[PDB]
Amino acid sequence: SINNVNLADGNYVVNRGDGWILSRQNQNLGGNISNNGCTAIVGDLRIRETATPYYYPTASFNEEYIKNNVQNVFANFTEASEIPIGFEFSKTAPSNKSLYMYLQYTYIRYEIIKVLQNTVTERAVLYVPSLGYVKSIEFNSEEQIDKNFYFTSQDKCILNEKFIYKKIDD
């Protein structure tokens, strides 16, 4: 399963990659509706004030342990959060149809794993606010939509997942 790694015993900090979307938060920011060739644009500014990290600590790895170990090897998100960054998406609705697009935040998944016998014994998780992602769909009051379009039941990555590690010392 997901706990079988090929690493010497010890504690590691891992970069699971950018592009992670969270469970059921799909439509928290709202959606946009356009039609007949109109261009629709949605965007945002991950201002520190809003974009806050999601911590999932374990016994061996508390919040602080996770933060310091992530910001030591990978991008220091605490410093970066002070500088506003924007992102936008645009799409043109079809000639005689309606377009719906909704926005959600993306994150960088970081992990603190405890290895023992090539198997993960403990796993802490951190989601650092990254940018955003939009999903589109064309429609008309008739159509029935696959509900998976609107809902994500399990955290996942819209890009290819990653596993970039570094053994923690001390």
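Take the two forms, find the largest set of C-alpha atoms that superpose within 1.5 Å, and that set is the rigid core. The numbering used is simple: start at 1 and walk along the sequence shown.
After fitting on the rigid core, which stretch moves more in 5 other deposited structures of this protein, 106-114 or 44-52, going by C-alpha RMS? The stretch that sits farther from the shown form in 5 other deposited structures of this protein is 44-52.
Check the entry's C-alpha temperature factors for 152-160 and 8-16, then say which stretch has the higher mean. According to the entry, 8-16 carries the higher average C-alpha B-factor.
Going by the B-factors listed in the PDB entry, is the mean over the C-alpha atoms higher for 141-149 or for 124-132? Mean B over CA atoms: larger for 141-149.
Kindly indicate the residue among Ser34, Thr106, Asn28, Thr119 with the greatest C-alpha B-factor in the PDB record. That would be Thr119, according to the entry.
Determine, from the deposited record, the chain-internal third of the Cα B-factor for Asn96: lowest, middle or highest. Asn96: CA B-factor falls in the highest third of its chain.
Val70 - Cα temperature factor, lowest/middle/highest third of chain: Its C-alpha B-factor belongs to the middle third of this chain's values.
Quick check on the deposited entry: does the C-alpha B-factor of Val42 sit in the lowest, middle or highest third of its chain? Answer is lowest: the recorded C-alpha B-factor places it there.
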